[PDB]
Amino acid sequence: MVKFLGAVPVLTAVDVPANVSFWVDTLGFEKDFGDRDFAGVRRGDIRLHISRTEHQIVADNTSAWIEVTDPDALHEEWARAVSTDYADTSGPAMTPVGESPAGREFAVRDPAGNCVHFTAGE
């Protein structure tokens, strides 16, 4: 019986190195591998790939969900490095933590335009 061990979302970016810097230097992920065309970052038990695209519209419409034990704690860690002005599409921003039927969560929009959601998980 085939077992499904994990899934790796692929974020997209016109400028991969700049986006990798954000995830690593600002959000605290570690660089796994990569170059300007395809890179990978990781933190804890999860990994994320970042692929180069020639179309900004693709990056602005790419998203991913990540399950963490404590969304609030993570939000607090980043509150000092990321703008809380989500409406300000001028750059990366983070939303407030909110309650949903599925638990607390918040989202981060990286410099490339990807929207990544962080939700409470088990």
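Residue numbers here begin at 1 and follow the sequence given.
For the segment pair 16-24 and 95-103, the entry gives 95-103 the higher mean B-factor, averaged over Cα atoms.
On average the C-alpha atoms of 1-9 have higher B-factors than those of the other stretch, with 1-9 and 112-120 being the two compared. Ranking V58, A87, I66, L74 by Cα temperature factor from the entry places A87 first. For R36, the recorded CA B-factor ranks within the middle third of the chain. Only modelled residues enter the ranking. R47: CA B factor in the middle third of modelled residues in this chain (values from the PDB entry). In the PDB entry, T62 places in the lowest third of its chain by CA B-factor.
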